[PDB]
Each structure stands twice: as C-alpha cells, then as structure tokens.
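So the structure is just underneath, and the comments pick up after that.
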Amino acid sequence: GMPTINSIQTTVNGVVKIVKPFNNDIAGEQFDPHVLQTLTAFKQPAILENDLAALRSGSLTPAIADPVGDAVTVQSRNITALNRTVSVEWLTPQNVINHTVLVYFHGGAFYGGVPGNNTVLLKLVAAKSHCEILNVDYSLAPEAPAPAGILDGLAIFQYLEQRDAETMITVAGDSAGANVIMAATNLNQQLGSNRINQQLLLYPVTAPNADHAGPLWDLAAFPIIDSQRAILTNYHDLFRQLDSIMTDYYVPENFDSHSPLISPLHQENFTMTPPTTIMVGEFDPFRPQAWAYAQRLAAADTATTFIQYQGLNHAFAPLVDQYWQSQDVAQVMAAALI
Amino acid sequence: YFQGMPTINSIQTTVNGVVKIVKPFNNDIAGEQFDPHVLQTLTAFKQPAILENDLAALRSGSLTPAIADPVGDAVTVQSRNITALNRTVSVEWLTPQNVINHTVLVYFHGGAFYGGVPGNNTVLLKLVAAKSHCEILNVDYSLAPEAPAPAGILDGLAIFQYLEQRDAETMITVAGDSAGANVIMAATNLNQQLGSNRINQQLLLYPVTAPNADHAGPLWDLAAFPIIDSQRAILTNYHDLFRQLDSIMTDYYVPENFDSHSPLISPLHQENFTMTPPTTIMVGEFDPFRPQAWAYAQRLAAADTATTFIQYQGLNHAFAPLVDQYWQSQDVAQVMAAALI
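This is the structure in structure tokens:
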C-alpha cells in the first residue's frame, strides 16, 4: 500500500522536474524518518580507511524481501562479444513483450557491489513491464579498471543488437554503475548504433572526483533542519572521501577522471544522448552533478526528466521493502518500458 | 558497514557475570517470533521433517550452496598443508593485503562432526579478514566416522603448535561454528593442558557444548523457546529435527571406547574453566543449541573469565556464513573483526 503524495512538477531550463515530498506535510529540508533511523552512525564523523577489501565488505546488501517470487525467473548466463565474456543475471517475466529490453549496471563505487544488491527491484520492474532485464556483472576496478566495465557494456549491446535487429534497449543503473553504463552508451553511439533509446539513471555519478570545494560539492546546496545538520555534514563528508578513493581505483594512471568517458558531465556534445529519466534523493551528495547533467541534456534538446525524492539519501532504490520511494522508482522505470 | 539498515536497539545486561547482548531483528519486535527472512526458509517445517539417516545424504545436506562474494581477490585464499605431531592438516589460508602481526584466527567450520567443508564459510571469513587485517586459517579438520574423536581435536593441536613454533609472539584466537566450535574448544583445552598460553580468545558461533545432552532435560526443553501460536508448529518440527540430528552426529563422532559426556567431547562438562580464554558466543533465539551455549557461558563467568553472549532474536541455527541472506550474519563478521583488532 503506497501513499497518495502530492508531487510538484515544474520545468526548469528545459528539464521536467518532479519533486516528491516524503509525506504531504513536509515539503523538504529534512530526512524521511525511515531514512533518518539508518543514519545514527553519522552523529560522529567517519574516516574512510582506503583499503579495497574493507571497502568491499560494506558493499553487500542482505537479501531484500521478495514479493514477486516465481512470477519472474532469475538465472545466470554468460554472453560473449568483442572477445569479452560477461556474466549476467537474466530476468524473465511471464508474457514477455519483444523489442524492448533493459540493461542494468549495479552501483558500488566502481570497485565493489554485486548484481544481487538490486535483484528484487528489477523483479518488480520485469513483472510490471513484462520486459526482460539484463542485470550485468560488469568488470570491477582495480583488477579491471576503466574502461573494462565500459567495454563489457559495449559487448552486451552488440550481443543484443545482433541477436535481434528490432529490439530497443533502455540502459539503466544506480550510482557508479550508471556512470559506466552511460559511457558504454556513448561509445555505442559513436560507433553508429541507434538501438539504445532511453536512459534510466538512479542517482548517477556523472563527474567522479569533481572539485570538492566547487559548486558540485557544496553543503550550502543542502538546507536541512538543525537537529539533522551534523548528520548531513558527516554523511556528505563520507561520500566526499569515497569519491576520491573510488575514482583512484577506477581510473588507471594512463587515463584521467575528467575525460568524457569517465565523466559523462564533460562530454562535449549531448545531442546523441537518448531521452533520460534521473531519480535522486534530496540529500544525495551526487544530486548536484546529476542535476548539472540533466541541464546539459535539456540544452541539447534531449527530453530529460529529473525526479527528486525529498528526505532521501544515496543508494535507496533497491530497498523496496524499506521505502515507498523505492517502490515508486520501480513504477517509474516499468512505466518507461511499456 | 555501509548504507541502508535501520539501527537496531540492542539490550545489554549482565547476568551472573555474563555480558548479555540481545539484538532484536527489528525495532518493532523484541522477541518470540522468527525473523521473516528466516521464516520463509522454514516452510517445509509446517510438517515434521524427514531426516535421511545415511552418511552420503547427511554429508550432502551439510554443504552450503554458493554465497555471494563482494570481496573477490582483495583477500587472498590459498590451500596449504601444515604438518605437526605427525599429522598433516589441510587449511584454506586467508590473507588480507595489509596484515597485522601476531594476531591470527583459527576457524573450524560446522557440519555435525561428519560433514561441512571450509568452503562453507569462506565468504564470512573474507569479511572478517578484510575488516580485521588478520590472517585466517580456515581448517579442513578430520571428519567422523573415518576420523572420529579425537582426530579433529589433534588436528587443532597440530595447527596451534605449527603457529606457536612459527613465531613466539603470535596471539591465537580460536573460532568455529556449531560442531566445529566444539572440536576447536576441546583442542584449546588440550593446548592449555600442555602449557601453552598463546590462545587468548574464543569466538564461538552457536557452539555445540554438550553433544547428545539429555533430550528430556532442561537443555532440550521446548518451553525455553516462547513463540507466537502461528509459528509454534514450525519451531516444534525444527527443534525435533535437531534433537534427532544431535543423536546421530554424536554417534558418528564418538567411537565406542569413548563417551560423549566427557570434558573433551562436551566442553560444558569440563571440571574447571579457569584457563579458558575470554570468550564471545553468538547464537540465535531459536537455535536448539542456545540453552547449552548459555550454560557454558555461565560456567565461564563463574570462573571469572570475561564472557560475552550475543543473542540474535528470531534467528535459528547455522545462519552466520549466510552473509548475503541476513544482516545478522554480517554483524557476526563485524563482531569477530572487532574482537581481533
């Protein structure tokens, strides 16, 4: 049972902006109470240690309650293209429609995470939209740093395009997975493929290791009530630390994080970029760079929708058994596919 | 730790010197029902379970299916043999990228004395290594009935000697789950009786402290597990399965010349607990072995040994390796890592 929320839709700089409050009494500037109860640790500041294994040990989401069950089949398979073998968690709903497929890259700061972290979210989407979904186990840094994950995405696309000449691909992902999928999409387009007709981006990293004293990383953009301000500061500060650490893992010495294929925000042209829906929390430290990305698309005359979830932080979407806003994301995506 | 998980409000009390930490499965429910994630795995227990009493089936049922591994190559996993006391014992050796000196973790997997493999808890241990920067011996110890008691025990002894002769400064933490915990506890006891003091800690995950205890006695009384009416049948059937399993496994473990009530088969029945190292026990509310674990913790505390007893509400037996299934499993990893640094 989901709430009846009065969202606010405006158009800012060509971007369709949809702001969804966490309830009908509070319009912004505080955490959703469900979220807040998870942030207790952020009463104190955190020092991110910077070792691979410790970082990875926090990137495993325990099984999310699964209401879909047998109505969607989840199986592993390997696909091969461009001399790359990439493992995918393949989701198949009942009564599959053709010529629409969703490719999804999980988050995990380029070095971690597992596709299982968002299986249940994707089962919701496949069940509603009757579309098959590729939940991809893409290459991870630093063992397989950039552009390994990108090339995996390219192989997946080639595979899909050669399998069927009529199937339309929607690319999606959360956080750093979205970043990688966006680059792969760019690369796919620069080779002449037009089969990717849509991006669904959940709080994407669009500018890894951006200036932490610049406007993309400025706490002044996150007004919040006094009692939650220390928590917000420490929370934002943790991600500031992560942003540096993760980009170091992702980018090898020969490459640079400010390049277009590492930072989609810095692409020189956005005219080939497909129609895009971005979903992100009010208090996600990556929110500003997501918004900057959206503005860039709209200015290039690409249809762009930016849904902001008030009171929400980073990485919330797969937690469909915790937040109505997660179920909402599931709905938005499904709707985008049918 | 990282991201989405509501803070659990645990309850710490001291009972007869035991530091008791009760961790509810959410902030709504305090006790007396299964955590729903556990509950959905217990459907078959609406009816009495059928145990196939043959070695091949029992062994097969002691093998955990693949668990998702978020660590990958960031912790090194090697097979090595060590030899001591004229025993060669295989170990899965876990090495993190920056290793702290001296502190080392020896772990014995569960599997009812006749079964299990170190691979059952590899991911759990990679988590522990990753957080603690400690090297870990995940030991392939002797299994019954081909190598019944005290073969596993002696394998433990051999490991300790290997480690202590390797360097004199190294501190050992012994750990294991279920029957694995039992065997490594006895080996620790033995190691101490020979005069070693290098083992400075036990981390026990739902240990079997008294194999084949009286099933009509207080350690096996269903009354000790209050639960809601809707889940009573399941609990009862689940508990009965383990009662039967307890008899069978002890039979395999204990050869005819020995006895299960002895101190080295049943650490609960040690005559003395004063050499016993500081200990942390982690066990589920609905683990059939919970009461015997509690009895052990009390004997420790009474011997003025620091004892912590973490009870995870709504959890059953053998949950810990399942780190992709239960937040409590990752919590166990965290508690262990904390105890090592």
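In order, the protein sequences belong to chains B and A.
Numbered per the deposited numbering, the first sequence spans residues 0 to 337.
Numbered per the deposited numbering, the second sequence spans residues -3 to 337.
Here a beta-carbon is modelled for each residue, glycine too, at the ideal position from N, C-alpha and C.
Just to confirm the assignment, what range does the alpha helix (DSSP H) spanning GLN189 of chain A have? As a working note, residue 189 of chain A is residue 193 in the second sequence. Segment 174 to 189, the alpha helix (DSSP H) holding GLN189 of chain A.
Please report the straight-line C-alpha distance between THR39 of chain B and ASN94 of chain A, rounded to a whole angstrom. Taking the first sequence and counting its residues from 1, the one referred to as residue 39 of chain B is at position 40. Taking the second sequence and counting its residues from 1, the one referred to as residue 94 of chain A is at position 98. Spanning the two alpha carbons is a distance of roughly 30 Å.
Where do the ends of the beta strand (DSSP E) carrying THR272 of chain B lie? Taking the first residue of the first sequence as position 1, residue 272 of chain B is located at position 273. No beta strand (DSSP E) contains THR272 of chain B, which DSSP labels as neither H nor E.
Chain B beta carbons: is any one of them nearer than 9 Å to that of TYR322 of chain A? The sequence position of residue 322 of chain A within the second sequence is 326, counting from 1. Interface residue, yes.
DSSP three-state assignment for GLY0 of chain B, whether helix, strand or coil: Your numbering for residue 0 of chain B matches position 1 in the first sequence. Of the three classes helix, strand and coil, the one that applies to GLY0 of chain B here is coil, per DSSP.
Which whole-angstrom value is the C-beta distance of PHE104 of chain A and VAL73 of chain A, which I expect to be below 8 Å? Taking the second sequence and counting its residues from 1, one reaches residue 104 of chain A at position 108. Taking the second sequence and counting its residues from 1, one reaches residue 73 of chain A at position 77. Their Cβ separation, rounded to whole angstroms, is 17 Å, which puts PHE104 of chain A and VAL73 of chain A out of contact at 8 Å.
Taking the alpha carbon of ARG228 of chain B as the reference point, which residue from B:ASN23, B:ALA26, B:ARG194 and B:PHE30 has its own alpha carbon closest? Here residue 228 of chain B refers to the residue found at position 229 when the first sequence is read from its first residue. Nearest option by C-alpha distance: B:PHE30.
Between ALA177 of chain B and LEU159 of chain B, how many whole angstroms is the CB-CB distance? I'm expecting something under 8 Å. For the purposes of this step, residue 177 of chain B is taken as residue 178 along the first sequence, with counting starting at 1. For the purposes of this step, residue 159 of chain B is taken as residue 160 along the first sequence, with counting starting at 1. Between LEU159 of chain B and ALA177 of chain B the Cβ distance is about 18 Å, and since that is not below 8 Å, they are no contact.
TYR308 of chain A by DSSP, collapsed to three states: which one? As a first step, residue 308 of chain A is located in the second sequence; it is residue number 312 there, counting from the start. Strand.
Excluding five sequence neighbours on each side, which residues of the same chain lie with their C-beta closer than 6 Å to the C-beta of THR184 of chain B? Reading the first sequence from its first residue, position 185 is the one you call residue 184 of chain B. Excluding residues within five positions, the ones whose Cβ falls inside 6 Å are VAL170 and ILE195.
Apart from the five residues on each side of it in sequence, which residues of its chain come closer than 6 Å, Cβ to Cβ, to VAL124 of chain A? Counting from 1 along the second sequence, the entry for residue 124 of chain A is found at position 128. If we look at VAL124 of chain A and ignore the five residues flanking it on each side, its Cβ neighbours are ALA329, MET332 and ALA333.
Name, in chain order, the residues that DSSP records as bridge partners for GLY280 of chain B. To locate residue 280 of chain B, count along the first sequence from 1; it is residue 281. B:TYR308.
For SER86 of chain A, does the three-state DSSP call read helix, strand or coil? The residue you call residue 86 of chain A lines up with position 90 of the second sequence. Strand, per DSSP.
Can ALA62 of chain B and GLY107 of chain B be called in contact, C-beta distance under 9 Å? In the first sequence, residue 62 of chain B corresponds to position 63, counting from 1. In the first sequence, residue 107 of chain B corresponds to position 108, counting from 1. No.
Rounded to whole angstroms, what's the CA-CA distance from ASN12 of chain A to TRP216 of chain B? Just pull it up for me. Counting from 1 along the second sequence, the entry for residue 12 of chain A is found at position 16. Counting from 1 along the first sequence, the entry for residue 216 of chain B is found at position 217. Roughly 52 Å separates the two Cα atoms.
Can you find a C-beta in chain A that's less than 9 Å from the C-beta of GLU142 of chain B? As a working note, residue 142 of chain B is residue 143 in the first sequence. So, interface residue.
Counting Cβ pairs closer than 8 Å, one from the stretch 290 to 309 of chain B and one from the stretch 233 to 245 of chain B, do we hit at least three? no
How many angstroms separate the CA atom of residue 342 of chain A from the CA atom of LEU59 of chain B? Outside the shown range of chain A, which is -3 to 337, sits residue 342 of chain A, and nothing can be said about it.
Per the contact definition of three or more C-beta pairs closer than 8 Å, is the stretch 75 to 93 of chain A in contact with the stretch 18 to 33 of chain A? no
DSSP-derived helix/strand/coil call for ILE195 of chain A: The residue given as residue 195 of chain A occupies position 199 in the second sequence. DSSP places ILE195 of chain A in strand when its eight states are reduced to three.
First and last residue of the alpha helix (DSSP H) that includes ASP151 of chain A? Start at 1 with the first residue of the second sequence, and residue 151 of chain A comes out as number 155. Taken as a continuous stretch (DSSP letters only), the alpha helix (DSSP H) holding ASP151 of chain A covers 147 to 162.
Name the residue from A:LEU90, A:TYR322, A:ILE277 and A:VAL102 whose alpha carbon lies nearest to the alpha carbon of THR37 of chain A. Locating residue 37 of chain A in the second sequence gives position 41, counting from the first residue. Out of A:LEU90, A:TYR322, A:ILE277 and A:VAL102, A:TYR322 has the C-alpha closest to the C-alpha of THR37 of chain A.
DSSP state of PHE104 of chain B mapped onto helix, strand, coil: Sequence index remark: in the first sequence, residue 104 of chain B carries index 105 (1-based). The answer is strand: DSSP assigns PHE104 of chain B an E or B state.
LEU296 of chain A to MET181 of chain A, Cα distance in whole Å? For the purposes of this step, residue 296 of chain A is taken as residue 300 along the second sequence, with counting starting at 1. For the purposes of this step, residue 181 of chain A is taken as residue 185 along the second sequence, with counting starting at 1. Distance between the alpha carbons of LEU296 of chain A and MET181 of chain A: 13 Å.
Neighbourhood of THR9 of chain A by C-beta, 6 Å cutoff - its chain only, sequence neighbours within 5 removed: Counted from its first residue, the second sequence places residue 9 of chain A at position 13. Here the set comprises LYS16.
Rounded separation between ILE337 of chain A and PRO317 of chain A - CA only: Counting from 1 along the second sequence, the entry for residue 337 of chain A is found at position 341. Counting from 1 along the second sequence, the entry for residue 317 of chain A is found at position 321. Each residue's Cα considered, the two are about 21 Å apart.
Cβ shell of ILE149 of chain A (< 7 Å), same chain only, five flanking positions each side left out: Counting from one through the second sequence, the residue named residue 149 of chain A turns up at place 153. Answer for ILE149 of chain A: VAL179, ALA182, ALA183, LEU186 and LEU260, listed in chain order.
Using 10 angstroms around the beta-carbon of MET1 of chain B, count the other beta-carbons present and answer buried if the total reaches 16, otherwise exposed. One-based indexing of the first sequence puts residue 1 of chain B at position 2. Exposed.
Would a C-beta distance cut-off of 9 Å place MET245 of chain A and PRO274 of chain A closer than the cut-off? For the purposes of this step, residue 245 of chain A is identified with residue 249 of the second sequence, where counting begins at 1. For the purposes of this step, residue 274 of chain A is identified with residue 278 of the second sequence, where counting begins at 1. Not in contact: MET245 of chain A and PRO274 of chain A (Cβ atoms no closer than 9 Å).
Bridge partners of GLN8 of chain A, per DSSP? Locating residue 8 of chain A in the second sequence gives position 12, where the first residue counts as 1. Bridge partners of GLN8 of chain A: A:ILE17.
Tell whether a beta-carbon distance below 9 Å holds between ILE155 of chain B and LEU133 of chain B. As a first step, residue 155 of chain B is located in the first sequence; it is residue number 156 there, counting from the start. As a first step, residue 133 of chain B is located in the first sequence; it is residue number 134 there, counting from the start. It is a contact, given that the beta carbons lie within the stated cut-off.
To be precise: take each residue of the stretch 67 to 82 of chain A, compare its Cβ to all Cβ atoms of chain B, and keep it if any distance is under 8 Å. Which residues remain? From the stretch 67 to 82 of chain A, only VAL67, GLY68, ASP69, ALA70 and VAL71 have a Cβ closer than 8 Å to chain B.
Among the candidates A:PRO114, A:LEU311, A:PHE269 and A:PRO251, whose CA atom is the shortest distance from the CA of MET278 of chain A? Looking up residue 278 of chain A in the second sequence gives position 282. Among A:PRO114, A:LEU311, A:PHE269 and A:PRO251, the Cα nearest to that of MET278 of chain A is on A:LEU311.
Between the Cα of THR118 of chain A and the Cα atoms of A:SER138, A:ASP69, A:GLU142 and A:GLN157, which residue gives the shortest distance? The sequence position of residue 118 of chain A within the second sequence is 122, counting from 1. Among A:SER138, A:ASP69, A:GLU142 and A:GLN157, the Cα nearest to that of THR118 of chain A belongs to A:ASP69.
Where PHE315 of chain B meets chain A, residues with beta-carbon distance less than 8 Å: Here residue 315 of chain B corresponds to residue number 316 of the first sequence, with the count starting at 1. Those within 8 Å of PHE315 of chain B in chain A are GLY0.
With DSSP as the reference, please indicate the residues paired to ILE78 of chain B in a beta bridge. Position 79 of the first sequence, counted from the start, is the residue given in the question as residue 78 of chain B. Partner(s): B:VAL85.
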